[PDB]
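A.B. asks: Structure file final-v3.csv (CSV, C-alpha atoms and all ligand atoms) right here:
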chain,number,residue,atom,x,y,z
A,24,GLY,CA,-128.1,20.1,-61.1
A,25,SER,CA,-126.5,20.1,-63.4
A,26,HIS,CA,-123.7,22.5,-62.8
A,27,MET,CA,-120.1,23.2,-63.8
A,28,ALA,CA,-117.6,24.0,-61.1
A,29,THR,CA,-114.2,25.6,-61.9
A,30,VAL,CA,-111.9,24.4,-59.2
A,31,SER,CA,-108.3,25.2,-58.2
A,32,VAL,CA,-106.4,21.9,-58.2
A,33,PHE,CA,-103.4,21.1,-55.9
A,34,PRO,CA,-101.9,17.7,-56.8
A,35,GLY,CA,-99.8,15.7,-54.4
A,36,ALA,CA,-101.3,16.9,-51.1
A,37,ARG,CA,-100.9,14.9,-47.9
A,38,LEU,CA,-103.7,14.6,-45.4
A,39,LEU,CA,-103.2,13.7,-41.7
A,40,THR,CA,-106.3,13.2,-39.5
A,41,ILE,CA,-105.8,13.9,-35.8
A,42,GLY,CA,-107.4,13.9,-32.3
A,43,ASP,CA,-106.3,14.5,-28.8
A,44,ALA,CA,-108.6,12.3,-26.7
A,45,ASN,CA,-105.6,10.3,-25.4
A,46,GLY,CA,-104.1,13.3,-23.6
A,47,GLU,CA,-101.5,13.5,-26.3
A,48,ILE,CA,-102.0,13.4,-30.1
A,49,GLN,CA,-103.7,10.6,-31.9
A,50,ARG,CA,-103.2,10.0,-35.6
A,51,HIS,CA,-106.5,8.5,-36.9
A,52,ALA,CA,-105.6,8.4,-40.6
A,53,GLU,CA,-102.8,9.4,-42.9
A,54,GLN,CA,-102.8,9.6,-46.7
A,55,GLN,CA,-100.4,10.7,-49.4
A,56,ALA,CA,-100.8,11.6,-53.1
A,57,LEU,CA,-104.2,13.2,-52.9
A,58,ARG,CA,-105.6,15.7,-55.4
A,59,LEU,CA,-107.0,18.7,-53.5
A,60,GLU,CA,-109.8,20.6,-55.3
A,61,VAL,CA,-111.0,24.0,-54.0
A,62,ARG,CA,-114.2,25.6,-55.2
A,63,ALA,CA,-114.1,29.3,-54.4
A,64,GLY,CA,-117.6,30.7,-53.5
A,65,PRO,CA,-119.0,34.0,-52.2
A,66,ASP,CA,-118.7,33.2,-48.5
A,67,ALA,CA,-117.0,29.8,-48.3
A,68,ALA,CA,-114.4,27.6,-49.9
A,69,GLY,CA,-115.4,24.1,-50.8
A,70,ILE,CA,-112.5,21.7,-50.1
A,71,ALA,CA,-112.3,18.1,-51.3
A,72,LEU,CA,-109.4,15.6,-51.6
A,73,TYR,CA,-109.4,12.6,-53.9
A,74,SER,CA,-107.2,9.5,-54.2
A,75,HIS,CA,-106.1,8.2,-57.6
A,76,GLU,CA,-108.9,5.6,-57.4
A,77,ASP,CA,-111.4,8.5,-57.1
A,78,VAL,CA,-112.1,8.0,-53.4
A,79,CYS,CA,-113.3,11.3,-51.8
A,80,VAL,CA,-111.2,11.0,-48.6
A,81,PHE,CA,-112.2,14.3,-47.1
A,82,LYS,CA,-114.7,17.1,-48.0
A,83,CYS,CA,-115.8,20.2,-46.1
A,84,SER,CA,-116.8,23.9,-46.4
A,85,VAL,CA,-114.5,26.5,-44.9
A,86,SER,CA,-116.2,29.8,-44.0
A,87,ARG,CA,-115.5,32.8,-41.7
A,88,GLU,CA,-116.5,30.8,-38.6
A,89,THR,CA,-114.4,27.7,-39.3
A,90,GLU,CA,-111.6,27.0,-36.9
A,91,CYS,CA,-108.5,26.7,-39.1
A,92,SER,CA,-104.9,28.0,-39.4
A,93,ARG,CA,-101.7,28.0,-41.4
A,94,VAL,CA,-99.2,25.5,-39.8
A,95,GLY,CA,-95.5,26.1,-40.6
A,96,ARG,CA,-94.6,27.1,-44.2
A,97,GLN,CA,-96.9,24.9,-46.2
A,98,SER,CA,-99.6,23.2,-44.2
A,99,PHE,CA,-103.2,24.1,-43.1
A,100,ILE,CA,-105.3,22.6,-40.2
A,101,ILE,CA,-109.1,22.5,-40.2
A,102,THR,CA,-111.0,21.6,-37.1
A,103,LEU,CA,-114.7,20.4,-37.4
A,104,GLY,CA,-116.3,18.5,-34.6
A,105,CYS,CA,-113.8,16.6,-32.4
A,106,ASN,CA,-111.1,15.9,-35.0
A,107,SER,CA,-108.7,18.0,-36.9
A,108,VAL,CA,-107.3,17.4,-40.4
A,109,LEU,CA,-103.9,18.7,-41.5
A,110,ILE,CA,-103.3,19.3,-45.2
A,111,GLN,CA,-99.7,19.5,-46.3
A,112,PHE,CA,-99.1,21.1,-49.7
A,113,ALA,CA,-96.4,20.0,-52.1
A,114,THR,CA,-94.7,23.5,-52.0
A,115,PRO,CA,-95.0,26.7,-50.0
A,116,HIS,CA,-96.1,28.4,-53.3
A,117,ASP,CA,-99.0,26.0,-53.6
A,118,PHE,CA,-99.9,26.7,-50.0
A,119,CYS,CA,-99.8,30.5,-50.5
A,120,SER,CA,-102.1,30.2,-53.6
A,121,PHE,CA,-104.6,28.1,-51.6
A,122,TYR,CA,-104.4,30.5,-48.6
A,123,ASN,CA,-105.2,33.5,-50.7
A,124,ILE,CA,-108.3,31.7,-52.1
A,125,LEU,CA,-109.4,31.0,-48.5
A,126,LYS,CA,-108.8,34.5,-47.3
A,127,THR,CA,-110.9,35.9,-50.1
A,128,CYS,CA,-113.8,33.4,-49.4
A,129,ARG,CA,-113.7,34.2,-45.6
A,130,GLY,CA,-113.8,38.0,-46.1
A,131,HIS,CA,-110.3,38.8,-45.0
B,24,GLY,CA,-99.3,51.9,-10.2
B,25,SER,CA,-102.0,51.1,-9.7
B,26,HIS,CA,-104.9,49.1,-11.1
B,27,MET,CA,-106.6,45.7,-10.7
B,28,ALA,CA,-106.3,42.9,-13.3
B,29,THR,CA,-107.2,39.3,-13.9
B,30,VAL,CA,-104.7,36.4,-14.5
B,31,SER,CA,-106.2,33.2,-15.7
B,32,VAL,CA,-104.0,30.3,-14.8
B,33,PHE,CA,-104.0,26.8,-16.4
B,34,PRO,CA,-101.6,24.3,-14.7
B,35,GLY,CA,-100.6,21.1,-16.4
B,36,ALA,CA,-100.3,22.5,-19.9
B,37,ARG,CA,-97.8,21.2,-22.4
B,38,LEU,CA,-96.1,22.8,-25.4
B,39,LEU,CA,-95.0,21.0,-28.6
B,40,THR,CA,-93.0,22.7,-31.3
B,41,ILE,CA,-94.1,21.8,-34.8
B,42,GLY,CA,-91.2,21.2,-37.1
B,43,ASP,CA,-91.2,21.3,-40.9
B,44,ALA,CA,-87.8,20.8,-42.6
B,45,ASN,CA,-87.9,17.3,-44.1
B,46,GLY,CA,-91.6,16.2,-43.5
B,47,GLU,CA,-92.9,14.9,-40.2
B,48,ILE,CA,-93.8,16.8,-37.0
B,49,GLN,CA,-90.3,17.7,-35.7
B,50,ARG,CA,-90.4,18.3,-31.9
B,51,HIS,CA,-87.9,21.1,-31.2
B,52,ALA,CA,-89.8,21.1,-27.9
B,53,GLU,CA,-92.0,18.6,-26.1
B,54,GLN,CA,-92.2,20.2,-22.6
B,55,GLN,CA,-94.3,18.7,-19.8
B,56,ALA,CA,-95.7,20.4,-16.7
B,57,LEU,CA,-96.2,24.0,-17.6
B,58,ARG,CA,-98.6,26.6,-16.3
B,59,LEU,CA,-100.2,28.7,-19.0
B,60,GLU,CA,-101.2,32.2,-17.9
B,61,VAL,CA,-103.5,34.6,-19.8
B,62,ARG,CA,-103.5,38.4,-19.2
B,63,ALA,CA,-106.3,39.6,-21.3
B,64,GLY,CA,-106.9,43.1,-22.6
B,65,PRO,CA,-109.7,44.7,-24.8
B,66,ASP,CA,-107.9,43.7,-28.1
B,67,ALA,CA,-105.1,41.3,-27.4
B,68,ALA,CA,-104.6,38.5,-24.9
B,69,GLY,CA,-101.1,38.0,-23.6
B,70,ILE,CA,-100.2,34.3,-23.2
B,71,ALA,CA,-97.1,33.0,-21.3
B,72,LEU,CA,-96.1,29.5,-20.3
B,73,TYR,CA,-93.9,29.0,-17.2
B,74,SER,CA,-92.0,26.1,-15.9
B,75,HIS,CA,-92.0,25.1,-12.2
B,76,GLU,CA,-88.8,27.2,-11.9
B,77,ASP,CA,-90.7,30.2,-13.4
B,78,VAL,CA,-88.8,30.0,-16.7
B,79,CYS,CA,-90.8,31.5,-19.5
B,80,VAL,CA,-90.7,28.9,-22.2
B,81,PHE,CA,-93.1,30.5,-24.7
B,82,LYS,CA,-95.0,33.8,-24.9
B,83,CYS,CA,-97.1,35.6,-27.5
B,84,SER,CA,-100.0,38.1,-28.0
B,85,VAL,CA,-103.3,36.8,-29.5
B,86,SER,CA,-105.4,39.2,-31.5
B,87,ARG,CA,-107.9,39.2,-34.4
B,88,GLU,CA,-104.9,38.9,-36.8
B,89,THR,CA,-103.3,35.9,-35.1
B,90,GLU,CA,-103.1,32.6,-37.1
B,91,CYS,CA,-104.4,30.1,-34.6
B,92,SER,CA,-107.0,27.3,-34.2
B,93,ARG,CA,-108.6,24.8,-31.8
B,94,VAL,CA,-107.1,21.3,-32.5
B,95,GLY,CA,-109.1,18.3,-31.2
B,96,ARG,CA,-111.1,19.0,-28.0
B,97,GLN,CA,-108.3,20.3,-25.7
B,98,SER,CA,-105.4,21.7,-27.9
B,99,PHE,CA,-104.6,25.0,-29.6
B,100,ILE,CA,-102.2,25.8,-32.4
B,101,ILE,CA,-100.5,29.2,-32.8
B,102,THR,CA,-98.5,30.2,-35.9
B,103,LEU,CA,-96.1,33.2,-35.8
B,104,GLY,CA,-93.8,33.9,-38.7
B,105,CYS,CA,-92.6,30.5,-40.1
B,106,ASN,CA,-93.1,28.6,-36.8
B,107,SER,CA,-96.1,26.9,-35.1
B,108,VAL,CA,-96.6,25.6,-31.6
B,109,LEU,CA,-99.2,23.3,-30.2
B,110,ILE,CA,-100.5,23.9,-26.7
B,111,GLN,CA,-102.3,21.0,-25.0
B,112,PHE,CA,-104.4,21.6,-21.9
B,113,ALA,CA,-104.9,19.1,-19.0
B,114,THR,CA,-108.7,18.7,-19.8
B,115,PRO,CA,-111.3,19.8,-22.4
B,116,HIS,CA,-112.8,21.9,-19.6
B,117,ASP,CA,-109.5,23.9,-19.2
B,118,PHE,CA,-109.3,24.3,-23.0
B,119,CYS,CA,-112.9,25.6,-23.2
B,120,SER,CA,-112.3,28.1,-20.3
B,121,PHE,CA,-109.2,29.3,-22.2
B,122,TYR,CA,-110.9,29.5,-25.6
B,123,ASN,CA,-113.8,31.5,-24.1
B,124,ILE,CA,-111.4,34.1,-22.6
B,125,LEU,CA,-109.9,34.6,-26.1
B,126,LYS,CA,-113.2,35.3,-27.8
B,127,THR,CA,-113.0,39.0,-27.1
B,128,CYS,CA,-109.6,39.6,-28.6
B,129,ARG,CA,-110.2,37.2,-31.6
A,201,CL,CL,-117.2,27.8,-59.9
Show this structure as structure tokens.
Ligand SMILES: [Cl-]
C.D. replies:
Amino acid sequence: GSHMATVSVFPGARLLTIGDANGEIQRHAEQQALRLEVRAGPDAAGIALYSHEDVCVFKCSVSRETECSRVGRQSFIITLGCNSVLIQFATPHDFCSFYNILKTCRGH
Amino acid sequence: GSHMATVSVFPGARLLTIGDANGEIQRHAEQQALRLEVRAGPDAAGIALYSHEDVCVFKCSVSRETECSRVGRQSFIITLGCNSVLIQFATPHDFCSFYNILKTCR
């Protein structure tokens, strides 16, 4: 307040919000063409995704304790509370860059 | 032989194969009625899913290194090489029992 963040930006991400309270999988929300911004900090990575109308569709902090995983070649799932969010990157290269930031922040 | 060991058994599990090749979740598998068995050691937990006919449809070892995560309140994703599977338990209670057993090796 004020501050200047320098973020890694991954344009053209897809976000799928999911649950499993129906004994299968539920899709709660699904959104394309989001701008993902990642703020690399000491012990956590700040994640936020924005629509072209500046809507902040999802925001969280990923730390060593966060339940999360690579999914396939270019996606990442984060589970906070009862729902999970799956982020699908535009390319495997983008995912790999993102993952390396997260591994650094989480102490791996 | 011989020694004693524990086998933790979770009937009514299911396995979905997550498929990425053109976009959406591509079900290479969507198998109902499996029993998941965990054979846990100090540093890795052996997981195997068996059909009613005792066919092993999926197996792996879970350790500190394994790329995996809780999904929702009763599911678990495991990613190995390029491929991911989603295991779904019969109840959130089953999932929590399973998750707790993995805490040592993870
Ligand atoms: Cl910064």
A.B. asks: Give the answer as one residue: which of A:61, A:48, A:94, A:128 has the shortest atom-to-atom distance to ligand CL 201 (chain A), using all atoms listed in the file?
C.D. replies: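 Smallest separation from ligand CL 201 (chain A) among the options: A:61.
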A.B. asks: Can you tell me how far atom CA of residue A:75 sits from atom CA of residue A:38, in Å to one decimal?
C.D. replies: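 Atom-to-atom, atom CA of residue A:75 and atom CA of residue A:38 are spaced 14.0 Å apart.
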A.B. asks: Would you kindly return, as a PDB file with C-alpha atoms, keeping the file's coordinate frame, each protein, DNA or RNA residue with an atom no farther than 12 Å from any atom of residue A:72, considering all atoms listed in the file and excluding same-chain residues fewer than 3 positions away?
C.D. replies:
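New file around-v1.pdb:
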ATOM      1  CA  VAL A  30    -111.900  24.400 -59.200  1.00  0.00           C
ATOM      2  CA  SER A  31    -108.300  25.200 -58.200  1.00  0.00           C
ATOM      3  CA  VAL A  32    -106.400  21.900 -58.200  1.00  0.00           C
ATOM      4  CA  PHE A  33    -103.400  21.100 -55.900  1.00  0.00           C
ATOM      5  CA  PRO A  34    -101.900  17.700 -56.800  1.00  0.00           C
ATOM      6  CA  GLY A  35     -99.800  15.700 -54.400  1.00  0.00           C
ATOM      7  CA  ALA A  36    -101.300  16.900 -51.100  1.00  0.00           C
ATOM      8  CA  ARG A  37    -100.900  14.900 -47.900  1.00  0.00           C
ATOM      9  CA  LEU A  38    -103.700  14.600 -45.400  1.00  0.00           C
ATOM     10  CA  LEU A  39    -103.200  13.700 -41.700  1.00  0.00           C
ATOM     11  CA  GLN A  54    -102.800   9.600 -46.700  1.00  0.00           C
ATOM     12  CA  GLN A  55    -100.400  10.700 -49.400  1.00  0.00           C
ATOM     13  CA  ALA A  56    -100.800  11.600 -53.100  1.00  0.00           C
ATOM     14  CA  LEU A  57    -104.200  13.200 -52.900  1.00  0.00           C
ATOM     15  CA  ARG A  58    -105.600  15.700 -55.400  1.00  0.00           C
ATOM     16  CA  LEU A  59    -107.000  18.700 -53.500  1.00  0.00           C
ATOM     17  CA  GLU A  60    -109.800  20.600 -55.300  1.00  0.00           C
ATOM     18  CA  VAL A  61    -111.000  24.000 -54.000  1.00  0.00           C
ATOM     19  CA  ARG A  62    -114.200  25.600 -55.200  1.00  0.00           C
ATOM     20  CA  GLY A  69    -115.400  24.100 -50.800  1.00  0.00           C
ATOM     21  CA  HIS A  75    -106.100   8.200 -57.600  1.00  0.00           C
ATOM     22  CA  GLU A  76    -108.900   5.600 -57.400  1.00  0.00           C
ATOM     23  CA  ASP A  77    -111.400   8.500 -57.100  1.00  0.00           C
ATOM     24  CA  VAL A  78    -112.100   8.000 -53.400  1.00  0.00           C
ATOM     25  CA  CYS A  79    -113.300  11.300 -51.800  1.00  0.00           C
ATOM     26  CA  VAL A  80    -111.200  11.000 -48.600  1.00  0.00           C
ATOM     27  CA  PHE A  81    -112.200  14.300 -47.100  1.00  0.00           C
ATOM     28  CA  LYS A  82    -114.700  17.100 -48.000  1.00  0.00           C
ATOM     29  CA  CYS A  83    -115.800  20.200 -46.100  1.00  0.00           C
ATOM     30  CA  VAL A 108    -107.300  17.400 -40.400  1.00  0.00           C
ATOM     31  CA  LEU A 109    -103.900  18.700 -41.500  1.00  0.00           C
ATOM     32  CA  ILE A 110    -103.300  19.300 -45.200  1.00  0.00           C
ATOM     33  CA  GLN A 111     -99.700  19.500 -46.300  1.00  0.00           C
ATOM     34  CA  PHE A 112     -99.100  21.100 -49.700  1.00  0.00           C
TER      35      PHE A 112
END
A.B. asks: Would you mind listing what lies within 10 Å of residue B:83 as a PDB file with C-alpha atoms, in the coordinates of the input, with all atoms listed in the file counted and same-chain residues fewer than 6 positions away left out?
C.D. replies:
ATOM      1  CA  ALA B  67    -105.100  41.300 -27.400  1.00  0.00           C
ATOM      2  CA  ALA B  68    -104.600  38.500 -24.900  1.00  0.00           C
ATOM      3  CA  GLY B  69    -101.100  38.000 -23.600  1.00  0.00           C
ATOM      4  CA  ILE B  70    -100.200  34.300 -23.200  1.00  0.00           C
ATOM      5  CA  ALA B  71     -97.100  33.000 -21.300  1.00  0.00           C
ATOM      6  CA  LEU B  72     -96.100  29.500 -20.300  1.00  0.00           C
ATOM      7  CA  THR B  89    -103.300  35.900 -35.100  1.00  0.00           C
ATOM      8  CA  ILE B 101    -100.500  29.200 -32.800  1.00  0.00           C
ATOM      9  CA  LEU B 103     -96.100  33.200 -35.800  1.00  0.00           C
TER      10      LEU B 103
END
A.B. asks: Select, as a PyMOL selection string, those residues of chain B with any atom no more than 8 Å from chain A (distances computed using all atoms listed in the file).
C.D. replies: chain B and resi 41-43+90-98+100+102+105-107+111+113
A.B. asks: Counting all atoms listed in the file, what are the residues, protein, DNA or RNA alike, that approach ligand CL 201 (chain A) to within 9 Å? I want them as an MDAnalysis selection string.
C.D. replies: chainID A and resid 26:30 62:64
A.B. asks: Put those residues in a file: C-alpha atoms, as a compact mmCIF listing (two decimals), in the coordinates of the input.
C.D. replies:
# COMPACT_ATOMS: atom_id res chain seq x y z
CA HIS A 26 -123.70 22.50 -62.80
CA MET A 27 -120.10 23.20 -63.80
CA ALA A 28 -117.60 24.00 -61.10
CA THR A 29 -114.20 25.60 -61.90
CA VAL A 30 -111.90 24.40 -59.20
CA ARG A 62 -114.20 25.60 -55.20
CA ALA A 63 -114.10 29.30 -54.40
CA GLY A 64 -117.60 30.70 -53.50
A.B. asks: What does the distance from atom CA of residue B:112 to atom CA of residue B:55 come to in Å, to one decimal?
C.D. replies: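 Answer for the atom CA of residue B:112 to atom CA of residue B:55 separation: 10.7 Å.
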A.B. asks: How many Å separate atom CA of residue B:73 from atom CA of residue B:26?
C.D. replies: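 Atom-to-atom, atom CA of residue B:73 and atom CA of residue B:26 are spaced 23.7 Å apart.
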A.B. asks: Could you please give me, as number ranges by chain, the residues of protein, DNA or RNA lying at most 8 Å from (-95.7, 12.7, -42.0) in the coordinate frame of the file, considering all atoms listed in the file?
C.D. replies: A: 39, 53; B: 46-48
A.B. asks: Given 3 Å on each side, where is the centre and what are the edge lengths in Å to one decimal of the axis-aligned box enclosing the listed atoms of stretch 76-86 of chain B, as JSON?
C.D. replies:
{"center_x": -97.1, "center_y": 33.2, "center_z": -21.7, "size_x": 22.6, "size_y": 18.0, "size_z": 25.6}
A.B. asks: Would you mind telling me which residue in A:73, A:40, A:45, A:87 lies nearest to residue A:126 when using only C-alpha atoms?
C.D. replies: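 The closest residue to residue A:126 is A:87.
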A.B. asks: Within 8 Å of residue B:110, counting all atoms listed in the file, which residues show up once you throw out same-chain ones fewer than 6 positions away? Write them as a list in words, please.
C.D. replies: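 Listed by chain and then number, they are residues 36, 37, 38, 39, 98, 99 and 100 of chain B.
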A.B. asks: Closest to residue B:27 among B:62, B:117, B:45, B:78, using all atoms listed in the file?
C.D. replies: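 Closest residue, counting all atoms listed in the file: B:62.
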A.B. asks: When you look at residue B:65 with a cut-off of 12 Å (counting all atoms listed in the file), what residues show up, excluding the ones that are within fewer than 2 positions of it in the same chain? I need them as a VMD selection string.
C.D. replies: chain B and resid 62 to 63 67 to 69 85 to 87 124 to 129
